[PDB]
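Participant: So that you have it, the file is my_file02.cif, and it contains mmCIF, C-alpha atoms and all ligand atoms:
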```
data_coords
#
loop_
_atom_site.group_PDB
_atom_site.id
_atom_site.type_symbol
_atom_site.label_atom_id
_atom_site.label_comp_id
_atom_site.auth_asym_id
_atom_site.auth_seq_id
_atom_site.Cartn_x
_atom_site.Cartn_y
_atom_site.Cartn_z
ATOM 1 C CA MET A 1 133.585 82.433 122.295
ATOM 2 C CA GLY A 2 129.905 81.938 121.471
ATOM 3 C CA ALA A 3 127.450 83.465 119.008
ATOM 4 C CA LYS A 4 128.807 85.927 116.467
ATOM 5 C CA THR A 5 126.691 88.455 114.593
ATOM 6 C CA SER A 6 125.101 87.242 111.373
ATOM 7 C CA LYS A 7 122.220 84.966 112.313
ATOM 8 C CA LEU A 8 118.501 85.620 111.867
ATOM 9 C CA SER A 9 116.306 85.475 114.971
ATOM 10 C CA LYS A 10 117.693 86.968 118.186
ATOM 11 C CA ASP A 11 120.450 88.641 116.187
ATOM 12 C CA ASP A 12 117.763 90.858 114.734
ATOM 13 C CA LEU A 13 116.603 92.250 118.069
ATOM 14 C CA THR A 14 120.178 93.077 119.006
ATOM 15 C CA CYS A 15 120.479 95.141 115.828
ATOM 16 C CA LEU A 16 116.866 96.101 115.168
ATOM 17 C CA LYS A 17 117.134 97.881 118.518
ATOM 18 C CA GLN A 18 116.000 101.516 118.562
ATOM 19 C CA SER A 19 113.323 100.276 116.187
ATOM 20 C CA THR A 20 112.333 96.576 116.294
ATOM 21 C CA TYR A 21 108.738 97.296 115.304
ATOM 22 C CA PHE A 22 108.146 93.569 115.002
ATOM 23 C CA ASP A 23 108.726 91.716 118.264
ATOM 24 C CA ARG A 24 109.964 88.139 117.901
ATOM 25 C CA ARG A 25 106.388 86.832 118.010
ATOM 26 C CA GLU A 26 106.038 88.428 114.568
ATOM 27 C CA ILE A 27 109.234 87.937 112.583
ATOM 28 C CA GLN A 28 109.148 84.351 113.810
ATOM 29 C CA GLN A 29 105.737 83.759 112.309
ATOM 30 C CA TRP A 30 106.754 84.954 108.863
ATOM 31 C CA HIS A 31 110.158 83.287 109.206
ATOM 32 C CA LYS A 32 108.833 79.732 109.143
ATOM 33 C CA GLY A 33 106.066 80.751 106.742
ATOM 34 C CA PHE A 34 108.479 82.474 104.402
ATOM 35 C CA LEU A 35 111.021 79.670 104.329
ATOM 36 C CA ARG A 36 108.168 77.258 103.733
ATOM 37 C CA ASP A 37 107.107 78.965 100.522
ATOM 38 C CA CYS A 38 110.793 79.324 99.684
ATOM 39 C CA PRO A 39 113.282 76.948 101.324
ATOM 40 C CA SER A 40 115.921 79.182 99.800
ATOM 41 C CA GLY A 41 114.409 82.247 101.451
ATOM 42 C CA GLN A 42 114.561 84.645 98.515
ATOM 43 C CA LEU A 43 112.083 87.404 97.755
ATOM 44 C CA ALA A 44 112.540 88.620 94.204
ATOM 45 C CA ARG A 45 111.468 91.988 92.859
ATOM 46 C CA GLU A 46 108.337 90.324 91.493
ATOM 47 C CA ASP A 47 107.204 89.139 94.910
ATOM 48 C CA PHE A 48 107.835 92.577 96.410
ATOM 49 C CA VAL A 49 105.409 94.239 93.997
ATOM 50 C CA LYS A 50 102.846 91.454 94.336
ATOM 51 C CA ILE A 51 102.540 92.346 98.007
ATOM 52 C CA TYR A 52 102.099 96.055 97.316
ATOM 53 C CA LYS A 53 99.508 95.288 94.644
ATOM 54 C CA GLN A 54 97.139 93.328 96.865
ATOM 55 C CA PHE A 55 97.584 96.114 99.402
ATOM 56 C CA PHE A 56 96.585 98.783 96.881
ATOM 57 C CA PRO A 57 94.950 97.243 93.829
ATOM 58 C CA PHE A 58 93.403 100.624 93.076
ATOM 59 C CA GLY A 59 96.813 102.229 92.563
ATOM 60 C CA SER A 60 99.804 101.183 90.453
ATOM 61 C CA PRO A 61 102.767 100.542 92.723
ATOM 62 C CA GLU A 62 105.256 99.736 89.977
ATOM 63 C CA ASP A 63 108.152 102.155 89.943
ATOM 64 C CA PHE A 64 107.670 102.216 93.700
ATOM 65 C CA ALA A 65 108.756 98.668 94.463
ATOM 66 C CA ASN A 66 111.486 99.278 91.891
ATOM 67 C CA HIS A 67 113.014 102.503 93.155
ATOM 68 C CA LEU A 68 113.110 101.251 96.729
ATOM 69 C CA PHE A 69 114.282 97.692 96.036
ATOM 70 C CA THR A 70 116.890 99.207 93.717
ATOM 71 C CA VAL A 71 118.318 101.655 96.237
ATOM 72 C CA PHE A 72 118.268 98.842 98.811
ATOM 73 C CA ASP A 73 119.789 95.400 99.201
ATOM 74 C CA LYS A 74 123.274 94.919 100.599
ATOM 75 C CA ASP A 75 124.664 91.832 98.922
ATOM 76 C CA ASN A 76 123.881 93.157 95.437
ATOM 77 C CA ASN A 77 122.304 89.806 94.665
ATOM 78 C CA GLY A 78 119.100 91.077 93.078
ATOM 79 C CA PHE A 79 117.098 89.307 95.761
ATOM 80 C CA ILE A 80 115.799 90.424 99.143
ATOM 81 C CA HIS A 81 116.328 88.055 102.062
ATOM 82 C CA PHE A 82 114.029 87.641 105.053
ATOM 83 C CA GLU A 83 115.970 89.937 107.386
ATOM 84 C CA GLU A 84 116.393 92.288 104.457
ATOM 85 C CA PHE A 85 112.712 92.166 103.488
ATOM 86 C CA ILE A 86 111.435 93.278 106.862
ATOM 87 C CA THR A 87 114.208 95.874 107.067
ATOM 88 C CA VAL A 88 112.193 97.618 104.406
ATOM 89 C CA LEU A 89 108.844 97.053 106.078
ATOM 90 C CA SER A 90 110.325 98.213 109.383
ATOM 91 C CA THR A 91 111.811 101.512 108.262
ATOM 92 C CA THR A 92 108.353 102.020 106.791
ATOM 93 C CA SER A 93 106.786 102.540 110.229
ATOM 94 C CA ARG A 94 108.342 104.477 113.109
ATOM 95 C CA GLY A 95 111.877 105.877 112.999
ATOM 96 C CA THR A 96 114.071 108.142 115.146
ATOM 97 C CA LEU A 97 116.464 111.001 114.376
ATOM 98 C CA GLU A 98 117.954 112.269 111.113
ATOM 99 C CA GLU A 99 118.717 108.606 110.450
ATOM 100 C CA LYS A 100 115.438 108.417 108.550
ATOM 101 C CA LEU A 101 116.242 111.656 106.739
ATOM 102 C CA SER A 102 119.614 110.549 105.391
ATOM 103 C CA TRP A 103 118.170 107.262 104.152
ATOM 104 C CA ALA A 104 115.362 108.968 102.255
ATOM 105 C CA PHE A 105 117.864 111.131 100.391
ATOM 106 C CA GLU A 106 119.852 108.167 99.083
ATOM 107 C CA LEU A 107 116.566 106.749 97.812
ATOM 108 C CA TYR A 108 115.679 109.923 95.904
ATOM 109 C CA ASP A 109 119.074 109.993 94.206
ATOM 110 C CA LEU A 110 118.008 107.494 91.550
ATOM 111 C CA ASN A 111 121.577 107.658 90.309
ATOM 112 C CA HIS A 112 124.455 108.222 92.762
ATOM 113 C CA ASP A 113 126.192 111.446 91.774
ATOM 114 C CA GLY A 114 125.942 112.364 95.479
ATOM 115 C CA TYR A 115 123.495 114.871 94.006
ATOM 116 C CA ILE A 116 119.777 114.536 93.370
ATOM 117 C CA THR A 117 118.140 115.714 90.130
ATOM 118 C CA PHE A 118 114.743 117.169 89.269
ATOM 119 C CA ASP A 119 114.370 114.193 86.962
ATOM 120 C CA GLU A 120 114.944 111.802 89.845
ATOM 121 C CA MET A 121 112.419 113.788 91.885
ATOM 122 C CA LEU A 122 109.371 113.856 89.629
ATOM 123 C CA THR A 123 109.998 110.191 88.912
ATOM 124 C CA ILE A 124 109.966 109.219 92.575
ATOM 125 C CA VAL A 125 107.558 111.857 93.877
ATOM 126 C CA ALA A 126 105.263 110.593 91.150
ATOM 127 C CA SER A 127 105.610 107.008 92.362
ATOM 128 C CA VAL A 128 104.398 107.784 95.892
ATOM 129 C CA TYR A 129 101.490 109.779 94.491
ATOM 130 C CA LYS A 130 100.392 107.240 91.894
ATOM 131 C CA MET A 131 100.474 104.717 94.730
ATOM 132 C CA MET A 132 98.409 105.832 97.715
ATOM 133 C CA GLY A 133 95.264 107.937 97.359
ATOM 134 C CA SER A 134 94.066 110.845 99.504
ATOM 135 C CA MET A 135 90.325 110.480 99.926
ATOM 136 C CA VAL A 136 90.813 108.217 102.936
ATOM 137 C CA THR A 137 91.885 111.260 104.930
ATOM 138 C CA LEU A 138 89.077 113.738 105.537
ATOM 139 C CA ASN A 139 88.956 116.840 103.351
ATOM 140 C CA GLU A 140 88.838 116.213 99.615
ATOM 141 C CA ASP A 141 92.161 117.250 98.109
ATOM 142 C CA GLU A 142 94.205 116.525 95.001
ATOM 143 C CA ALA A 143 97.153 117.822 92.990
ATOM 144 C CA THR A 144 99.089 116.431 90.123
ATOM 145 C CA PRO A 145 102.479 115.830 91.669
ATOM 146 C CA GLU A 146 103.609 118.319 89.059
ATOM 147 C CA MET A 147 102.568 121.013 91.509
ATOM 148 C CA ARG A 148 103.862 119.451 94.707
ATOM 149 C CA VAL A 149 106.915 118.519 92.674
ATOM 150 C CA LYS A 150 107.770 122.057 91.669
ATOM 151 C CA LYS A 151 107.253 122.912 95.316
ATOM 152 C CA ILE A 152 109.438 120.153 96.734
ATOM 153 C CA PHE A 153 112.400 121.074 94.523
ATOM 154 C CA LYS A 154 111.864 124.829 94.747
ATOM 155 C CA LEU A 155 112.420 124.540 98.493
ATOM 156 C CA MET A 156 115.110 121.847 98.321
ATOM 157 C CA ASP A 157 117.466 123.413 95.804
ATOM 158 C CA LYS A 158 117.206 126.897 97.287
ATOM 159 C CA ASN A 159 120.804 127.410 96.162
ATOM 160 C CA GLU A 160 120.507 127.020 92.387
ATOM 161 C CA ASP A 161 122.916 124.400 91.083
ATOM 162 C CA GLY A 162 120.822 122.137 88.909
ATOM 163 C CA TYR A 163 121.445 119.303 91.369
ATOM 164 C CA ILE A 164 121.130 119.122 95.165
ATOM 165 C CA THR A 165 123.287 117.264 97.650
ATOM 166 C CA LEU A 166 122.183 115.498 100.820
ATOM 167 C CA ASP A 167 123.643 118.291 102.942
ATOM 168 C CA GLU A 168 121.204 120.758 101.424
ATOM 169 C CA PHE A 169 118.409 118.251 101.891
ATOM 170 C CA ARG A 170 118.847 117.885 105.649
ATOM 171 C CA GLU A 171 118.999 121.671 105.945
ATOM 172 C CA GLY A 172 116.070 122.843 103.819
ATOM 173 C CA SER A 173 114.176 119.782 105.063
ATOM 174 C CA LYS A 174 114.805 119.636 108.810
ATOM 175 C CA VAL A 175 113.824 123.300 108.820
ATOM 176 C CA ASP A 176 111.179 124.444 106.300
ATOM 177 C CA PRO A 177 108.190 122.599 107.785
ATOM 178 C CA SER A 178 106.613 121.575 104.484
ATOM 179 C CA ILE A 179 108.877 119.396 102.380
ATOM 180 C CA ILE A 180 108.724 116.819 105.161
ATOM 181 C CA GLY A 181 105.041 116.142 104.511
ATOM 182 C CA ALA A 182 105.671 115.022 100.938
ATOM 183 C CA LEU A 183 109.138 113.614 101.508
ATOM 184 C CA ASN A 184 107.477 111.616 104.257
ATOM 185 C CA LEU A 185 104.590 110.505 102.079
ATOM 186 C CA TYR A 186 107.208 108.411 100.337
ATOM 187 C CA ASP A 187 109.169 107.066 103.306
ATOM 188 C CA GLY A 188 106.018 105.612 104.846
ATOM 189 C CA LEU A 189 103.091 106.368 107.149
ATOM 190 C CA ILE A 190 103.598 107.120 110.829
HETATM 191 CA CA CA A 201 119.827 90.784 99.569
HETATM 192 CA CA CA A 202 121.035 113.406 91.363
HETATM 193 CA CA CA A 203 121.935 121.957 95.316
#
```
Is it possible to express this structure as structure tokens?

Facilitator:
Amino acid sequence: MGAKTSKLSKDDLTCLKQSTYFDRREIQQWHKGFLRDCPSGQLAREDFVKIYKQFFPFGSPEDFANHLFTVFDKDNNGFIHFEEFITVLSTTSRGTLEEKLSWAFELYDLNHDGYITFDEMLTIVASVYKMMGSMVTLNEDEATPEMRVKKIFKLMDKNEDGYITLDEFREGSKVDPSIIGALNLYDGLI
């Protein structure tokens, strides 16, 4: 016998494989720094937002930290642990195959009826918009999510059923080169 599979350092790499966008040198730095500020290692919803705020004091990342944190966690404890915290930050940058697509869907389904709803869309789509800006790009451009919203759903639920299931998402998304831009705006930058 030897080491199982539930530790922090080292165990991460083994799992974070195919991604690990934070070589040991990094996660180790925050590890000791995070446990120092919290010997119990527990990032609560409040903390989460606090970090997003300082990052974008000009925006209002409120429902953002909520939606995500809500459709996250694994121990249903109401608190994000170190390994869990970075899991979020990681998926934020870089990805791979449809894996990133499936995850996004679950996040948009504010509820869980295996089906998404226009209500759950505007709410989320609005969170990513009210968060980051758009003038840091190049060509001035703007649009109340109301427009991009009607566009995102119009192409997602191209089957008429009030609600849309993941299956339809991967299809209308993986194909129609357009919904990905917005849908991605939420997931995270490149
Ligand atoms: Ca947790
Ligand atoms: Ca739904
Ligand atoms: Ca549908």

Participant: May I have the residues within 9 Å of ligand CA 201 (chain A), computed using only C-alpha atoms and all ligand atoms, as a PyMOL selection string?

Facilitator: chain A and resi 42-43+72-85

Participant: I'd like a table as JSON lines: residues in chain A with an atom no more than 12 Å from ligand CA 203 (chain A), each row giving the shortest atom pair and its distance in Å to one decimal, only C-alpha atoms and all ligand atoms counted, sorted by chain and rising residue number.

Facilitator:
```
{"residue": "A:113", "atom": "CA", "partner": "A:CA203", "partner_atom": "CA", "distance": 11.9}
{"residue": "A:114", "atom": "CA", "partner": "A:CA203", "partner_atom": "CA", "distance": 10.4}
{"residue": "A:115", "atom": "CA", "partner": "A:CA203", "partner_atom": "CA", "distance": 7.4}
{"residue": "A:116", "atom": "CA", "partner": "A:CA203", "partner_atom": "CA", "distance": 8.0}
{"residue": "A:117", "atom": "CA", "partner": "A:CA203", "partner_atom": "CA", "distance": 9.0}
{"residue": "A:118", "atom": "CA", "partner": "A:CA203", "partner_atom": "CA", "distance": 10.5}
{"residue": "A:153", "atom": "CA", "partner": "A:CA203", "partner_atom": "CA", "distance": 9.6}
{"residue": "A:154", "atom": "CA", "partner": "A:CA203", "partner_atom": "CA", "distance": 10.5}
{"residue": "A:155", "atom": "CA", "partner": "A:CA203", "partner_atom": "CA", "distance": 10.4}
{"residue": "A:156", "atom": "CA", "partner": "A:CA203", "partner_atom": "CA", "distance": 7.5}
{"residue": "A:157", "atom": "CA", "partner": "A:CA203", "partner_atom": "CA", "distance": 4.7}
{"residue": "A:158", "atom": "CA", "partner": "A:CA203", "partner_atom": "CA", "distance": 7.1}
{"residue": "A:159", "atom": "CA", "partner": "A:CA203", "partner_atom": "CA", "distance": 5.6}
{"residue": "A:160", "atom": "CA", "partner": "A:CA203", "partner_atom": "CA", "distance": 6.0}
{"residue": "A:161", "atom": "CA", "partner": "A:CA203", "partner_atom": "CA", "distance": 5.0}
{"residue": "A:162", "atom": "CA", "partner": "A:CA203", "partner_atom": "CA", "distance": 6.5}
{"residue": "A:163", "atom": "CA", "partner": "A:CA203", "partner_atom": "CA", "distance": 4.8}
{"residue": "A:164", "atom": "CA", "partner": "A:CA203", "partner_atom": "CA", "distance": 3.0}
{"residue": "A:165", "atom": "CA", "partner": "A:CA203", "partner_atom": "CA", "distance": 5.4}
{"residue": "A:166", "atom": "CA", "partner": "A:CA203", "partner_atom": "CA", "distance": 8.5}
{"residue": "A:167", "atom": "CA", "partner": "A:CA203", "partner_atom": "CA", "distance": 8.6}
{"residue": "A:168", "atom": "CA", "partner": "A:CA203", "partner_atom": "CA", "distance": 6.3}
{"residue": "A:169", "atom": "CA", "partner": "A:CA203", "partner_atom": "CA", "distance": 8.3}
{"residue": "A:170", "atom": "CA", "partner": "A:CA203", "partner_atom": "CA", "distance": 11.5}
{"residue": "A:171", "atom": "CA", "partner": "A:CA203", "partner_atom": "CA", "distance": 11.0}
{"residue": "A:172", "atom": "CA", "partner": "A:CA203", "partner_atom": "CA", "distance": 10.4}
```

Participant: Would you please work out which residue, of A:189, A:110, A:175, A:136, is nearest to ligand CA 202 (chain A) when using only C-alpha atoms and all ligand atoms?

Facilitator: A:110

Participant: Pick out the residues sitting within 12 Å of residue A:99, and hand them over as number ranges by chain; count only C-alpha atoms, and ignore anything fewer than 4 positions along from it in its own chain.

Facilitator: A: 18-19, 91, 94-95, 103-106, 170, 174

Participant: Evaluate the PyMOL selection byres (((chain A and resi 11-13) around 12) and not hetatm) against this structure - the residues, as a ChimeraX atom specification, please.

Facilitator: /A:3-10,14-28,82-84,86-87,90

Participant: Quick one, how far is atom CA of residue A:125 from atom CA of residue A:97?

Facilitator: 22.4 Å

Participant: Return as a ChimeraX atom specification the set of residues that the PyMOL selection byres (((chain A and resi 185) around 12) and not hetatm) yields on the displayed structure.

Facilitator: /A:92-93,104,124-134,145,148,178-184,186-190

Participant: Using Å and a single decimal, report how far atom CA of residue A:65 sits from atom CA of residue A:52.

Facilitator: 7.7 Å

Participant: Expressed in Å to a single decimal, how great is the separation between atom CA of ligand CA 202 (chain A) and atom CA of residue A:111?

Facilitator: 5.9 Å

Participant: Taking all atoms listed in the file into account, which of A:50, A:121, A:41, A:35 comes nearest ligand CA 202 (chain A)?

Facilitator: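 Using all atoms listed in the file, ligand CA 202 (chain A) sits closest to A:121.
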
Participant: Calculated over all atoms listed in the file, which of the candidates A:69, A:56, A:108, A:64 has the smallest distance to ligand CA 202 (chain A)?

Facilitator: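 Between A:69, A:56, A:108, A:64, the residue approaching ligand CA 202 (chain A) most closely is A:108.
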
Participant: Return the single residue from A:46, A:176, A:141, A:120 that is closest to ligand CA 202 (chain A), with distances computed using all atoms listed in the file.

Facilitator: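 Closest to ligand CA 202 (chain A) of all the choices is A:120.
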
Participant: Under the rule that all atoms listed in the file are counted, which of A:112, A:32, A:151, A:67 is the nearest residue to residue A:48?

Facilitator: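 Using all atoms listed in the file, residue A:48 sits closest to A:67.
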
Participant: Just need the box for stretch 22-25 of chain A, edges along x, y and z, holding every atom the file lists for it with 5 Å tacked onto each side, so centre and edge lengths in Å to one decimal, as lines of an AutoDock Vina configuration file.

Facilitator:
```
center_x = 108.2
center_y = 90.2
center_z = 116.6
size_x = 13.6
size_y = 16.7
size_z = 13.3
```

Participant: Take stretch 39-62 of chain A, model N, CA, C and O atoms, and hand the result over as a PDB file, in the frame of the given file.

Facilitator:
```
ATOM      1  N   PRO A  39     112.237  77.534 100.492  1.00  0.00           N
ATOM      2  CA  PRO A  39     113.282  76.948 101.324  1.00  0.00           C
ATOM      3  C   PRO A  39     114.603  77.675 101.130  1.00  0.00           C
ATOM      4  O   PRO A  39     115.512  77.541 101.925  1.00  0.00           O
ATOM      5  N   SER A  40     114.678  78.432 100.073  1.00  0.00           N
ATOM      6  CA  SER A  40     115.921  79.182  99.800  1.00  0.00           C
ATOM      7  C   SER A  40     115.795  80.597 100.343  1.00  0.00           C
ATOM      8  O   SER A  40     116.716  81.385 100.266  1.00  0.00           O
ATOM      9  N   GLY A  41     114.640  80.889 100.887  1.00  0.00           N
ATOM     10  CA  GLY A  41     114.409  82.247 101.451  1.00  0.00           C
ATOM     11  C   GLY A  41     114.912  83.319 100.488  1.00  0.00           C
ATOM     12  O   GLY A  41     115.987  83.857 100.663  1.00  0.00           O
ATOM     13  N   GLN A  42     114.127  83.613  99.484  1.00  0.00           N
ATOM     14  CA  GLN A  42     114.561  84.645  98.515  1.00  0.00           C
ATOM     15  C   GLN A  42     113.377  85.378  97.899  1.00  0.00           C
ATOM     16  O   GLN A  42     112.650  84.830  97.095  1.00  0.00           O
ATOM     17  N   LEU A  43     113.205  86.606  98.297  1.00  0.00           N
ATOM     18  CA  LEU A  43     112.083  87.404  97.755  1.00  0.00           C
ATOM     19  C   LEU A  43     112.582  88.206  96.566  1.00  0.00           C
ATOM     20  O   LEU A  43     113.398  89.096  96.715  1.00  0.00           O
ATOM     21  N   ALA A  44     112.093  87.882  95.406  1.00  0.00           N
ATOM     22  CA  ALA A  44     112.540  88.620  94.204  1.00  0.00           C
ATOM     23  C   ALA A  44     111.679  89.843  93.945  1.00  0.00           C
ATOM     24  O   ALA A  44     110.572  89.948  94.436  1.00  0.00           O
ATOM     25  N   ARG A  45     112.217  90.752  93.179  1.00  0.00           N
ATOM     26  CA  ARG A  45     111.468  91.988  92.859  1.00  0.00           C
ATOM     27  C   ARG A  45     109.997  91.688  92.590  1.00  0.00           C
ATOM     28  O   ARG A  45     109.123  92.366  93.091  1.00  0.00           O
ATOM     29  N   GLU A  46     109.748  90.676  91.800  1.00  0.00           N
ATOM     30  CA  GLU A  46     108.337  90.324  91.493  1.00  0.00           C
ATOM     31  C   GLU A  46     107.525  90.201  92.776  1.00  0.00           C
ATOM     32  O   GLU A  46     106.544  90.892  92.960  1.00  0.00           O
ATOM     33  N   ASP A  47     107.943  89.315  93.640  1.00  0.00           N
ATOM     34  CA  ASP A  47     107.204  89.139  94.910  1.00  0.00           C
ATOM     35  C   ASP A  47     106.934  90.489  95.556  1.00  0.00           C
ATOM     36  O   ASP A  47     105.804  90.827  95.844  1.00  0.00           O
ATOM     37  N   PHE A  48     107.989  91.230  95.779  1.00  0.00           N
ATOM     38  CA  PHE A  48     107.835  92.577  96.410  1.00  0.00           C
ATOM     39  C   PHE A  48     106.589  93.295  95.888  1.00  0.00           C
ATOM     40  O   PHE A  48     105.681  93.607  96.638  1.00  0.00           O
ATOM     41  N   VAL A  49     106.574  93.543  94.603  1.00  0.00           N
ATOM     42  CA  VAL A  49     105.409  94.239  93.997  1.00  0.00           C
ATOM     43  C   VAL A  49     104.102  93.517  94.316  1.00  0.00           C
ATOM     44  O   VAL A  49     103.154  94.119  94.780  1.00  0.00           O
ATOM     45  N   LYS A  50     104.078  92.237  94.058  1.00  0.00           N
ATOM     46  CA  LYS A  50     102.846  91.454  94.336  1.00  0.00           C
ATOM     47  C   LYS A  50     102.236  91.835  95.678  1.00  0.00           C
ATOM     48  O   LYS A  50     101.037  91.991  95.795  1.00  0.00           O
ATOM     49  N   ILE A  51     103.066  91.976  96.670  1.00  0.00           N
ATOM     50  CA  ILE A  51     102.540  92.346  98.007  1.00  0.00           C
ATOM     51  C   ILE A  51     101.933  93.744  97.982  1.00  0.00           C
ATOM     52  O   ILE A  51     100.852  93.965  98.500  1.00  0.00           O
ATOM     53  N   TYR A  52     102.633  94.670  97.377  1.00  0.00           N
ATOM     54  CA  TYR A  52     102.099  96.055  97.316  1.00  0.00           C
ATOM     55  C   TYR A  52     100.798  96.095  96.521  1.00  0.00           C
ATOM     56  O   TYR A  52      99.884  96.817  96.859  1.00  0.00           O
ATOM     57  N   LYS A  53     100.740  95.311  95.476  1.00  0.00           N
ATOM     58  CA  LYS A  53      99.508  95.288  94.644  1.00  0.00           C
ATOM     59  C   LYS A  53      98.288  94.936  95.487  1.00  0.00           C
ATOM     60  O   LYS A  53      97.379  95.728  95.630  1.00  0.00           O
ATOM     61  N   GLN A  54      98.290  93.750  96.030  1.00  0.00           N
ATOM     62  CA  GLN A  54      97.139  93.328  96.865  1.00  0.00           C
ATOM     63  C   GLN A  54      96.811  94.386  97.912  1.00  0.00           C
ATOM     64  O   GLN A  54      95.667  94.568  98.277  1.00  0.00           O
ATOM     65  N   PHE A  55      97.824  95.067  98.379  1.00  0.00           N
ATOM     66  CA  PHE A  55      97.584  96.114  99.402  1.00  0.00           C
ATOM     67  C   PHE A  55      96.896  97.332  98.791  1.00  0.00           C
ATOM     68  O   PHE A  55      96.106  97.990  99.441  1.00  0.00           O
ATOM     69  N   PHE A  56      97.212  97.613  97.554  1.00  0.00           N
ATOM     70  CA  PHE A  56      96.585  98.783  96.881  1.00  0.00           C
ATOM     71  C   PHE A  56      96.314  98.475  95.406  1.00  0.00           C
ATOM     72  O   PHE A  56      96.978  98.974  94.519  1.00  0.00           O
ATOM     73  N   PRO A  57      95.331  97.637  95.181  1.00  0.00           N
ATOM     74  CA  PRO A  57      94.950  97.243  93.829  1.00  0.00           C
ATOM     75  C   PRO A  57      94.387  98.426  93.046  1.00  0.00           C
ATOM     76  O   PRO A  57      94.346  98.408  91.833  1.00  0.00           O
ATOM     77  N   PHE A  58      93.964  99.434  93.758  1.00  0.00           N
ATOM     78  CA  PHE A  58      93.403 100.624  93.076  1.00  0.00           C
ATOM     79  C   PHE A  58      94.511 101.492  92.489  1.00  0.00           C
ATOM     80  O   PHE A  58      94.299 102.206  91.530  1.00  0.00           O
ATOM     81  N   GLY A  59      95.676 101.411  93.076  1.00  0.00           N
ATOM     82  CA  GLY A  59      96.813 102.229  92.563  1.00  0.00           C
ATOM     83  C   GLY A  59      97.688 101.407  91.612  1.00  0.00           C
ATOM     84  O   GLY A  59      97.284 100.366  91.132  1.00  0.00           O
ATOM     85  N   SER A  60      98.875 101.902  91.364  1.00  0.00           N
ATOM     86  CA  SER A  60      99.804 101.183  90.453  1.00  0.00           C
ATOM     87  C   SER A  60     101.234 101.249  90.983  1.00  0.00           C
ATOM     88  O   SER A  60     102.092 101.886  90.403  1.00  0.00           O
ATOM     89  N   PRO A  61     101.454 100.578  92.087  1.00  0.00           N
ATOM     90  CA  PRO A  61     102.767 100.542  92.723  1.00  0.00           C
ATOM     91  C   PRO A  61     103.773  99.758  91.879  1.00  0.00           C
ATOM     92  O   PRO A  61     104.064  98.608  92.151  1.00  0.00           O
ATOM     93  N   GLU A  62     104.272 100.402  90.859  1.00  0.00           N
ATOM     94  CA  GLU A  62     105.256  99.736  89.977  1.00  0.00           C
ATOM     95  C   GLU A  62     106.639 100.319  90.216  1.00  0.00           C
ATOM     96  O   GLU A  62     107.492  99.688  90.816  1.00  0.00           O
TER      97      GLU A  62
END
```
